[PDB]
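Colleague: Below you will find the structure I want to go over with you.
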Amino acid sequence: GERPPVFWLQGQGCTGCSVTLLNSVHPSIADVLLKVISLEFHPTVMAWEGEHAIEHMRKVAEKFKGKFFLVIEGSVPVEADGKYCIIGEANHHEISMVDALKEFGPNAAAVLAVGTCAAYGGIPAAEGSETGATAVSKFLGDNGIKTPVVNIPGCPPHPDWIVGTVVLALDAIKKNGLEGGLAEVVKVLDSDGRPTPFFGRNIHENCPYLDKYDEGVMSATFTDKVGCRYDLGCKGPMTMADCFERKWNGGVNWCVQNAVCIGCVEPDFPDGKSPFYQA
Amino acid sequence: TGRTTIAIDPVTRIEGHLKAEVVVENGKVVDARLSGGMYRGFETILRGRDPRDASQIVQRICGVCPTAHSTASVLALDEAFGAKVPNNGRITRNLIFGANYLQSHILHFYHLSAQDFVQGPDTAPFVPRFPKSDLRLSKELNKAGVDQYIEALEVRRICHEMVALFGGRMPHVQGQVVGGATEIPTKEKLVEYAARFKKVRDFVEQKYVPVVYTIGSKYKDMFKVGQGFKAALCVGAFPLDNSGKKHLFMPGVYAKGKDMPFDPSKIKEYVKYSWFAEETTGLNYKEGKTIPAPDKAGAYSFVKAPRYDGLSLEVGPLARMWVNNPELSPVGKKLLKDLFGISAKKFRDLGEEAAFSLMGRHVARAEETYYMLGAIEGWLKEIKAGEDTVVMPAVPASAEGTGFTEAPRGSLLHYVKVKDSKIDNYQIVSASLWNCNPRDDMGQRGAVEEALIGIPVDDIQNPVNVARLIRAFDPXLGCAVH
Ligand code: SF4
Ligand code: SF4
Ligand code: FCO
Ligand SMILES: [Cl-]
Ligand SMILES: [Fe+2]
Ligand SMILES: [Kr]
Ligand SMILES: [Kr]
Ligand SMILES: [Kr]
Ligand SMILES: [Kr]
Ligand SMILES: [Kr]
Ligand SMILES: [Kr]
Ligand SMILES: [Kr]
Ligand SMILES: [Kr]
Ligand SMILES: [Kr]
Ligand SMILES: [Kr]
Ligand SMILES: [Kr]
Ligand SMILES: [Kr]
Ligand SMILES: [Kr]
Ligand SMILES: [Kr]
Ligand SMILES: [Kr]
Ligand SMILES: [Kr]
Ligand SMILES: [Kr]
Ligand SMILES: [Kr]
Ligand code: NI
Ligand SMILES: [S]
């Protein structure tokens with residue numbers, strides 16, 4: 001089959017969701033780029049630059065109207081008429097993330113909001129912020145764009161969650177065609193827009209220290225790995241993700257083993273999960 | 001007038017949102033403005049929180065260098081809490097962080113910079129590009145470039161496995177906190193760490209450091225541009241003892257040919273040309289304030305303008321290898337001879353002009369990667385399985401602290417003021433702030449804006465050397481603005 005065209009736009013992101021993708025193990029990132037997708041615009045890694053890069057994205061977008069996938073990393077700031085995130089300049093006119101999402105969002109086959117920033121607002125929308133950081137879905141609904149949106153959250157997401165969502169959706173489309181599969185993709189989303197293969201299970205319900213939680217056996221220093229981390233601030237109890245099983249960075253560790261879960265996949269992250277180091 | 005203005009937005013194969021605007025006359029850059037176009041306001045987000053929350057929140061400034069902000073944060077927290085980090089935890093911090101130096105330098109040369117000189121396969125994201133892209137490598141060497149880019153994708157992923165072993169995950173480690181590191185190294189995981197380390201060691205020794213010198217030899221003109229102010233800052237990093245005295249990189253400033261010691265009170269942040277309230281200009285970080293002003297006439301950037309005793313300085317691997325003047329790697333000593341006919345033992349033998357050059361900065365970064373391999377070996381000798389790595393201090397009611405370190409891209413400090421057991425102020429002064437900033441209140445250009453002066457643009461249709469210069473500083477605008 002064909003590798004669909006993908007455009008990856010960064011709003012108020014830290015580039016963490018591109019880096020975590022580079023850590024994908026099976027398939028590696030190179031297989032993703034050469035065999036799974038055609039990444040036509042990504043400002044961190046692409047060859048061309050500036051106005052030419054934007055005009056290349058717009059020619060592909062015109063060519064493949066309704067058929068291209070848009071990845072959005074980072075949140076969308078709406079205050080100051082979008083001046084808190086300018087992402088480009090073409091034709092002597094600056095382009096805000098507000099502009100870009102209104103340009104490209106209505107013509108994408110689907111939008112993948114990658115990371116908790118994009119999915120839910122996350123740290124840029126947190127108490128103390130001033131920029132109007134808005135989640136992608138809210139922004140699209142707010143300007144009346146109906147393109148389906150998939151949330152792949154995490155700060156950062158696990159690479160397997162990103163790759164995995166893409167492969168599920170591209171197989172659904174191969175199976176059912178494009179309208180058909182995207183309905184099958186939407187069918188597997190929870191009430192927060194997240195795919196249930198990865199965010200369907202609660203951390204706490206599956207933690208290997210659940211025995212100790214129930215025994216009331218609690219570690220009092222981080223370096224004591226026998227007890228449950230609850231008293232140290234573990235937010236497993238309110239967090240739906242599968243890191244307990246697949247773990248992180250080629251399986252060599254994960255947040256509950258090393259320290260605590262800070263609940264980075266959840267819509268209330270970070271404020272509703274803070275303080276991080278008290279229950 | 002004979003002056004032609006080129007604008008590039010986005011600058012790609014950097015991190016974050018950057019617009020570059022140059023003016024070209026007689027085929028050479030004669031004036032420049034850099035615009036960091038995206039703001040989040042971490043310094044106001046953090047106020048009112050439990051201070052321990054900071055060592056997580058601040059990492060989300062930058063997913064490429066989150067361990068630098070973690071490190072800076074927990075040092076500020078350590079000082080503010082009065083926490084005496086255990087020795088074994090000092091070293092475990094060093095191992096978490098040093099490993100991302102390797103990831104970050106490998107990421108930058110191969111996956112950000114190398115396409116300035118190497119043509120990728122004929123598929124996106126490697127095409128389309130400038131029709132006259134100025135790519136000089138032979139079919140044989142270009143295929144070397146390509147295969148090593150692909151190998152480096154594995155090498156950098158392994159580096160993050162090394163970070164994660166004692167850090168919990170990467171990006172955004174859980175393993176560094178006030179008081180030390182959260183997970184004592186076991187014999188087992190030290191084995192997994194050293195196993196990965198060796199693969200990275202050999203790729204650094206055998207592929208990365210040669211390929212930089214090799215590609216430079218095909219671009220010797222690129223050692224002759226990009227000098228800017230020839231002024232550099234290092235603020236110290238990776239403590240080697242528990243007294244605050246010896247560091248792998250020791251502090252120092254270089255300006256006007258003069259080495260001088262580093263005095264942090266001489267840091268001030270100007271905002272005349274930055275989108276912040278005019279009344280917040282000229283503040284040292286302990287008194288810093290972040291009041292966004294996105295409509296302020298004359299301003300063109302979300303990056304403040306830091307100056308050291310009024311000097312505009314640059315930071316990063318060049319700056320550190322210059323100040324500290326270590327010995328060059330053996331492969332660097334040899335290849336500087338065979339390919340450049342140059343004889344040199346320590347870093348400053350390359351000379352001011354070649355070191356402070358577009359291709360000089362790439363060379364510094366490769367040399368520093370090698371140097372870091374030695375540090376990591378040493379700490380792998382020193383760490384001791386089983387010894388505790390953390391203490392559990394109480395949050396003070398009122399306190400302040402400052403953490404100084406060097407991020408892969410240069411000097412970093414976090415400052416925290418605690419009041420009523422909550423963050424009252426948190427100020428960040430980061431590496432790409434020193435490099436990618438606009439003009440200060442005195443009209444003096446930022447380091448990169450100045451290094452852009454005299455860059456050749458012989459073909460305005462293919463101004464490839466403008467971004468080539470910028471990429472040599474390894475910019476990340478997330479860190480510059482936060
Ligand atoms: S509180 Fe955390 S460490 Fe304890 S059982 Fe739940 S997820 Fe596990
Ligand atoms: S363990 Fe918790 S904080 Fe760590 S990645 Fe999973 S959901 Fe995020
Ligand atoms: N490296 C890195 Fe990030 C930047 N610039 C910091 O500090
Ligand atoms: Cl880092
Ligand atoms: Fe700052
Ligand atoms: Kr990517
Ligand atoms: Kr990246
Ligand atoms: Kr690739
Ligand atoms: Kr890449
Ligand atoms: Kr995608
Ligand atoms: Kr754009
Ligand atoms: Kr969808
Ligand atoms: Kr992907
Ligand atoms: Kr993707
Ligand atoms: Kr899915
Ligand atoms: Kr997809
Ligand atoms: Kr999708
Ligand atoms: Kr390349
Ligand atoms: Kr090469
Ligand atoms: Kr290369
Ligand atoms: Kr490649
Ligand atoms: Kr050094
Ligand atoms: Kr040189
Ligand atoms: Ni950074
Ligand atoms: S960075």
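Chain labels A, B, ... are given in the sequence in which chains occur in the structure tokens; within each chain residues are numbered consecutively from 1, and ligands are likewise numbered from 1 in the order shown.
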Select all residues from chain B having any atom no more than 6 Å from an atom of chain A (counting only C-alpha atoms, ignoring ligands), output as a count of residues only.
Modeller: 34
Colleague: Using only C-alpha atoms, determine which residues lie at most 8 Å from region 143-146 of chain A, disregarding the query and same-chain residues fewer than 3 positions distant; provide the list as a ChimeraX atom specification.
Modeller: /A:102,105-106,139-140
Colleague: Within 10 Å of ligand 20, counting only C-alpha atoms and all ligand atoms, which protein or nucleic acid residues do you find, written as number ranges by chain?
Modeller: B: 109-111, 113-120, 141-152, 207-208, 210-212, 214-215
Colleague: Write out the residues from the selection above, keeping N, CA and C atoms, as a short mmCIF file (atom, residue, chain, number, x, y, z; two decimals), in the first residue's frame.
Modeller:
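Okay, this is what ended up in out_12.cif:
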data_model
loop_
_atom_site.label_atom_id
_atom_site.label_comp_id
_atom_site.auth_asym_id
_atom_site.auth_seq_id
_atom_site.Cartn_x
_atom_site.Cartn_y
_atom_site.Cartn_z
N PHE B 109 24.34 16.57 15.44
CA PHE B 109 25.15 16.52 14.23
C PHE B 109 24.48 15.69 13.16
N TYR B 110 24.02 14.49 13.50
CA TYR B 110 23.51 13.63 12.44
C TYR B 110 22.11 14.05 12.00
N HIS B 111 21.21 14.24 12.94
CA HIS B 111 19.81 14.35 12.58
C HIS B 111 19.32 15.77 12.42
N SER B 113 21.94 18.67 11.82
CA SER B 113 22.93 19.40 11.03
C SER B 113 23.38 18.68 9.76
N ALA B 114 23.41 17.35 9.77
CA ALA B 114 24.16 16.64 8.72
C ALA B 114 23.54 16.87 7.36
N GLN B 115 22.22 17.10 7.30
CA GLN B 115 21.62 17.34 6.00
C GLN B 115 22.02 18.67 5.38
N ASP B 116 22.66 19.56 6.14
CA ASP B 116 23.26 20.74 5.53
C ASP B 116 24.37 20.39 4.53
N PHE B 117 24.91 19.16 4.61
CA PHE B 117 26.11 18.74 3.88
C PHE B 117 25.94 17.40 3.18
N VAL B 118 24.88 16.65 3.50
CA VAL B 118 24.63 15.30 3.04
C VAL B 118 23.23 15.27 2.45
N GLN B 119 23.11 14.75 1.22
CA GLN B 119 21.81 14.58 0.57
C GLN B 119 21.20 13.25 0.99
N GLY B 120 19.99 13.31 1.52
CA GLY B 120 19.30 12.11 1.94
C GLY B 120 18.63 11.40 0.79
N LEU B 141 31.25 9.25 -0.14
CA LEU B 141 31.18 9.86 1.18
C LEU B 141 29.73 10.18 1.56
N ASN B 142 28.90 10.60 0.58
CA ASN B 142 27.49 10.89 0.87
C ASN B 142 26.77 9.63 1.36
N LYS B 143 27.09 8.47 0.76
CA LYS B 143 26.54 7.20 1.23
C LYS B 143 27.07 6.83 2.61
N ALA B 144 28.28 7.27 2.94
CA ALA B 144 28.76 7.11 4.30
C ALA B 144 27.89 7.93 5.24
N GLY B 145 27.77 9.23 4.95
CA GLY B 145 26.87 10.11 5.67
C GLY B 145 25.50 9.51 5.92
N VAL B 146 24.86 9.01 4.85
CA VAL B 146 23.51 8.47 4.98
C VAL B 146 23.48 7.27 5.90
N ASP B 147 24.41 6.32 5.73
CA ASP B 147 24.39 5.12 6.57
C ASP B 147 24.64 5.47 8.03
N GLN B 148 25.42 6.51 8.29
CA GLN B 148 25.73 6.85 9.66
C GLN B 148 24.56 7.58 10.32
N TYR B 149 23.86 8.42 9.55
CA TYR B 149 22.59 8.98 10.03
C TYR B 149 21.68 7.86 10.49
N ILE B 150 21.58 6.80 9.70
CA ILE B 150 20.66 5.73 10.04
C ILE B 150 21.16 4.97 11.24
N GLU B 151 22.48 4.77 11.35
CA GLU B 151 23.04 4.12 12.53
C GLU B 151 22.84 4.98 13.78
N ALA B 152 23.06 6.29 13.64
CA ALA B 152 22.90 7.20 14.76
C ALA B 152 21.48 7.17 15.32
N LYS B 207 32.91 6.47 14.23
CA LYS B 207 32.10 7.08 13.17
C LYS B 207 31.92 8.57 13.37
N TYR B 208 31.43 8.98 14.54
CA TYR B 208 31.02 10.37 14.71
C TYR B 208 32.22 11.32 14.62
N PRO B 210 35.38 11.04 13.51
CA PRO B 210 35.97 11.12 12.16
C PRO B 210 35.06 11.84 11.18
N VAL B 211 33.75 11.57 11.21
CA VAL B 211 32.94 12.06 10.08
C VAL B 211 32.87 13.59 10.13
N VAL B 212 32.97 14.19 11.31
CA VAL B 212 32.92 15.65 11.43
C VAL B 212 34.16 16.27 10.81
N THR B 214 36.16 14.80 8.70
CA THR B 214 36.14 14.48 7.28
C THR B 214 35.27 15.47 6.49
N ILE B 215 34.06 15.74 6.99
CA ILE B 215 33.16 16.65 6.27
C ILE B 215 33.68 18.07 6.34
#
Colleague: Rounded to one decimal place, report the CA of residue 332 (chain B)-CA of residue 364 (chain B) distance in Å.
Modeller: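 Those two atoms sit 10.4 Å apart.
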Colleague: Identify all residues of region 34-280 of chain B in helix (DSSP H, G or I) (DSSP on the backbone) and supply them as a ChimeraX atom specification.
Modeller: /B:42-45,51-61,66-81,87-116,139-167,187-217,220-223,264-266,278-280
